[PDB]
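Peer 1: Have a look at this one before I ask anything.
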Amino acid sequence: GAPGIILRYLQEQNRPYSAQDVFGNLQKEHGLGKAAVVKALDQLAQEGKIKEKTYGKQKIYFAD
């Protein structure tokens with residue numbers, strides 16, 4: 001349920017976080033895998049739960 005954890009996280013924070021930000025922050029709190037977080041981020045964006053923007057070579061996600 002990484003998508004649920006990440007979505008809730010983004011909504012509660014109300015702030016944009018990078019793929020690395022979300023993973024790193026939820027790594028110690030929940031123990032989500034790197035691939036799990038990244039795929040869950042794309043899963044949420046595909047479902048239309050969150051939005052995404054590409055900044056250089058990195059990606060940043062936020063709830064909306």
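Within each chain, counting starts at residue 1; across the structure tokens, chains are named A, B, ... in the order shown, with ligands numbered 1 upward in that order.
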Looking only at the backbone, which of the residues in chain A does DSSP tag as helix (DSSP H, G or I), as a ChimeraX atom specification?

Peer 2: /A:2-13,19-27,34-47

Peer 1: Among chain A, which residues does DSSP mark as strand (DSSP E) when it is run on the backbone? Keep the chain and numbering as in the structure and answer as a ChimeraX atom specification.

Peer 2: /A:17-18,50-55,58-63

Peer 1: Keeping N, CA, C and O atoms for every residue in the selection just given, could you write it to a file as a tab-separated table (two decimals), in the first residue's frame?

Peer 2:
```tsv
chain	number	residue	atom	x	y	z
A	17	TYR	N	7.47	17.18	-3.16
A	17	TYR	CA	8.64	16.39	-2.80
A	17	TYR	C	9.16	15.59	-3.99
A	17	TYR	O	8.38	15.05	-4.77
A	18	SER	N	10.48	15.52	-4.11
A	18	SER	CA	11.11	14.76	-5.18
A	18	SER	C	10.93	13.26	-4.97
A	18	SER	O	10.56	12.82	-3.88
A	50	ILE	N	-2.24	12.36	-7.72
A	50	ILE	CA	-1.19	13.35	-7.56
A	50	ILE	C	-0.75	13.90	-8.91
A	50	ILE	O	-1.04	13.32	-9.95
A	51	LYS	N	-0.04	15.02	-8.89
A	51	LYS	CA	0.54	15.59	-10.10
A	51	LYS	C	2.06	15.48	-10.09
A	51	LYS	O	2.67	15.30	-9.04
A	52	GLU	N	2.66	15.58	-11.27
A	52	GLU	CA	4.09	15.37	-11.43
A	52	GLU	C	4.71	16.42	-12.34
A	52	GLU	O	4.08	16.86	-13.31
A	53	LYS	N	5.93	16.82	-12.03
A	53	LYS	CA	6.70	17.71	-12.90
A	53	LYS	C	8.16	17.30	-12.96
A	53	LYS	O	8.75	16.92	-11.95
A	54	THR	N	8.74	17.38	-14.16
A	54	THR	CA	10.14	17.01	-14.35
A	54	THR	C	11.05	18.23	-14.25
A	54	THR	O	10.92	19.18	-15.01
A	55	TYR	N	11.98	18.19	-13.29
A	55	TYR	CA	12.92	19.28	-13.10
A	55	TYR	C	14.35	18.83	-13.39
A	55	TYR	O	15.03	18.28	-12.52
A	58	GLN	N	15.60	15.11	-12.57
A	58	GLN	CA	14.84	14.61	-11.43
A	58	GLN	C	13.34	14.87	-11.60
A	58	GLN	O	12.94	15.72	-12.40
A	59	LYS	N	12.53	14.14	-10.85
A	59	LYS	CA	11.08	14.33	-10.89
A	59	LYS	C	10.54	14.71	-9.51
A	59	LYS	O	11.01	14.20	-8.49
A	60	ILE	N	9.56	15.59	-9.49
A	60	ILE	CA	8.95	16.04	-8.25
A	60	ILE	C	7.44	15.83	-8.27
A	60	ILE	O	6.77	16.17	-9.25
A	61	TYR	N	6.90	15.28	-7.18
A	61	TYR	CA	5.49	14.94	-7.11
A	61	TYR	C	4.79	15.70	-5.99
A	61	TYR	O	5.41	16.05	-4.99
A	62	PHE	N	3.50	15.96	-6.18
A	62	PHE	CA	2.69	16.59	-5.14
A	62	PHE	C	1.22	16.24	-5.30
A	62	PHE	O	0.74	16.02	-6.41
A	63	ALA	N	0.50	16.18	-4.18
A	63	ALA	CA	-0.90	15.78	-4.19
A	63	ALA	C	-1.79	16.89	-4.73
A	63	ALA	O	-1.53	18.08	-4.50
```

Peer 1: Leaving out residue 64 of chain A and any residue of its chain fewer than 5 positions from it, which residues lie within 10 Å of it when counting only C-alpha atoms, given as a PyMOL selection string?

Peer 2: chain A and resi 7+10-11+14+45+48-52

Peer 1: Please provide as a ChimeraX atom specification all residues within 12 Å of residue 5 of chain A, with the sequence filter that same-chain residues fewer than 4 positions apart are discarded (counting only C-alpha atoms).

Peer 2: /A:1,9-12,22-23,25-27,29-32,36-37,40-41,44,63

Peer 1: Please save N, CA, C and O atoms of the selected residues as a PDB file, in the first residue's frame.

Peer 2:
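Saved result, part-v6.pdb, follows:
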```pdb
ATOM      1  N   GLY A   1       0.823  -1.203   0.000  1.00  0.00           N
ATOM      2  CA  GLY A   1       0.000   0.000   0.000  1.00  0.00           C
ATOM      3  C   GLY A   1       0.860   1.257   0.000  1.00  0.00           C
ATOM      4  O   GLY A   1       0.587   2.208   0.732  1.00  0.00           O
ATOM      5  N   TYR A   9       0.760  11.009   2.711  1.00  0.00           N
ATOM      6  CA  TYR A   9       1.912  11.829   3.067  1.00  0.00           C
ATOM      7  C   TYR A   9       1.864  13.181   2.367  1.00  0.00           C
ATOM      8  O   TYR A   9       2.004  14.226   3.003  1.00  0.00           O
ATOM      9  N   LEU A  10       1.664  13.156   1.053  1.00  0.00           N
ATOM     10  CA  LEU A  10       1.691  14.371   0.250  1.00  0.00           C
ATOM     11  C   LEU A  10       0.548  15.304   0.623  1.00  0.00           C
ATOM     12  O   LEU A  10       0.696  16.526   0.599  1.00  0.00           O
ATOM     13  N   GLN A  11      -0.596  14.721   0.967  1.00  0.00           N
ATOM     14  CA  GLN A  11      -1.775  15.500   1.329  1.00  0.00           C
ATOM     15  C   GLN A  11      -1.602  16.160   2.690  1.00  0.00           C
ATOM     16  O   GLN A  11      -1.992  17.311   2.888  1.00  0.00           O
ATOM     17  N   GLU A  12      -1.015  15.425   3.629  1.00  0.00           N
ATOM     18  CA  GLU A  12      -0.817  15.926   4.983  1.00  0.00           C
ATOM     19  C   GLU A  12       0.233  17.028   5.016  1.00  0.00           C
ATOM     20  O   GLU A  12       0.132  17.973   5.799  1.00  0.00           O
ATOM     21  N   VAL A  22      10.505  11.699  -1.159  1.00  0.00           N
ATOM     22  CA  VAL A  22       9.427  10.830  -0.704  1.00  0.00           C
ATOM     23  C   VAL A  22       9.967   9.496  -0.204  1.00  0.00           C
ATOM     24  O   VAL A  22       9.584   9.023   0.865  1.00  0.00           O
ATOM     25  N   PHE A  23      10.859   8.896  -0.983  1.00  0.00           N
ATOM     26  CA  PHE A  23      11.491   7.639  -0.597  1.00  0.00           C
ATOM     27  C   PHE A  23      12.244   7.782   0.719  1.00  0.00           C
ATOM     28  O   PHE A  23      12.005   7.033   1.667  1.00  0.00           O
ATOM     29  N   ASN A  25      12.142   9.926   3.080  1.00  0.00           N
ATOM     30  CA  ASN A  25      11.334  10.301   4.234  1.00  0.00           C
ATOM     31  C   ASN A  25      10.476   9.134   4.707  1.00  0.00           C
ATOM     32  O   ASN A  25      10.218   8.985   5.903  1.00  0.00           O
ATOM     33  N   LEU A  26      10.039   8.307   3.765  1.00  0.00           N
ATOM     34  CA  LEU A  26       9.180   7.171   4.080  1.00  0.00           C
ATOM     35  C   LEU A  26       9.995   5.898   4.262  1.00  0.00           C
ATOM     36  O   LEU A  26       9.459   4.852   4.632  1.00  0.00           O
ATOM     37  N   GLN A  27      11.295   5.991   4.002  1.00  0.00           N
ATOM     38  CA  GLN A  27      12.196   4.860   4.185  1.00  0.00           C
ATOM     39  C   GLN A  27      12.337   4.501   5.658  1.00  0.00           C
ATOM     40  O   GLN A  27      12.328   3.325   6.024  1.00  0.00           O
ATOM     41  N   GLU A  29      10.323   5.748   8.098  1.00  0.00           N
ATOM     42  CA  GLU A  29       9.030   5.820   8.767  1.00  0.00           C
ATOM     43  C   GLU A  29       8.198   4.573   8.496  1.00  0.00           C
ATOM     44  O   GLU A  29       7.547   4.041   9.395  1.00  0.00           O
ATOM     45  N   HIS A  30       8.222   4.112   7.250  1.00  0.00           N
ATOM     46  CA  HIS A  30       7.369   3.009   6.825  1.00  0.00           C
ATOM     47  C   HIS A  30       8.198   1.844   6.298  1.00  0.00           C
ATOM     48  O   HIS A  30       7.838   0.680   6.483  1.00  0.00           O
ATOM     49  N   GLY A  31       9.306   2.163   5.639  1.00  0.00           N
ATOM     50  CA  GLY A  31      10.216   1.142   5.132  1.00  0.00           C
ATOM     51  C   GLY A  31       9.870   0.760   3.698  1.00  0.00           C
ATOM     52  O   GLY A  31      10.041  -0.389   3.294  1.00  0.00           O
ATOM     53  N   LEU A  32       9.384   1.731   2.933  1.00  0.00           N
ATOM     54  CA  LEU A  32       9.043   1.507   1.533  1.00  0.00           C
ATOM     55  C   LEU A  32      10.293   1.403   0.672  1.00  0.00           C
ATOM     56  O   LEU A  32      11.272   2.117   0.891  1.00  0.00           O
ATOM     57  N   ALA A  36       9.459   0.671  -5.184  1.00  0.00           N
ATOM     58  CA  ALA A  36       8.074   0.696  -4.736  1.00  0.00           C
ATOM     59  C   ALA A  36       7.537   2.121  -4.684  1.00  0.00           C
ATOM     60  O   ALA A  36       6.412   2.388  -5.107  1.00  0.00           O
ATOM     61  N   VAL A  37       8.348   3.034  -4.162  1.00  0.00           N
ATOM     62  CA  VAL A  37       7.958   4.435  -4.055  1.00  0.00           C
ATOM     63  C   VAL A  37       7.823   5.077  -5.430  1.00  0.00           C
ATOM     64  O   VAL A  37       6.848   5.775  -5.707  1.00  0.00           O
ATOM     65  N   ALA A  40       4.894   3.630  -7.224  1.00  0.00           N
ATOM     66  CA  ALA A  40       3.687   4.099  -6.553  1.00  0.00           C
ATOM     67  C   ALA A  40       3.392   5.552  -6.902  1.00  0.00           C
ATOM     68  O   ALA A  40       2.233   5.948  -7.023  1.00  0.00           O
ATOM     69  N   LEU A  41       4.447   6.343  -7.060  1.00  0.00           N
ATOM     70  CA  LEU A  41       4.308   7.733  -7.479  1.00  0.00           C
ATOM     71  C   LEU A  41       3.709   7.831  -8.875  1.00  0.00           C
ATOM     72  O   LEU A  41       2.811   8.636  -9.122  1.00  0.00           O
ATOM     73  N   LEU A  44       0.034   6.653  -8.717  1.00  0.00           N
ATOM     74  CA  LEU A  44      -0.857   7.698  -8.229  1.00  0.00           C
ATOM     75  C   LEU A  44      -1.133   8.736  -9.308  1.00  0.00           C
ATOM     76  O   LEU A  44      -2.270   9.170  -9.490  1.00  0.00           O
ATOM     77  N   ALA A  63       0.500  16.183  -4.184  1.00  0.00           N
ATOM     78  CA  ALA A  63      -0.902  15.780  -4.191  1.00  0.00           C
ATOM     79  C   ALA A  63      -1.792  16.894  -4.726  1.00  0.00           C
ATOM     80  O   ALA A  63      -1.530  18.076  -4.496  1.00  0.00           O
TER      81      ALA A  63
END
```
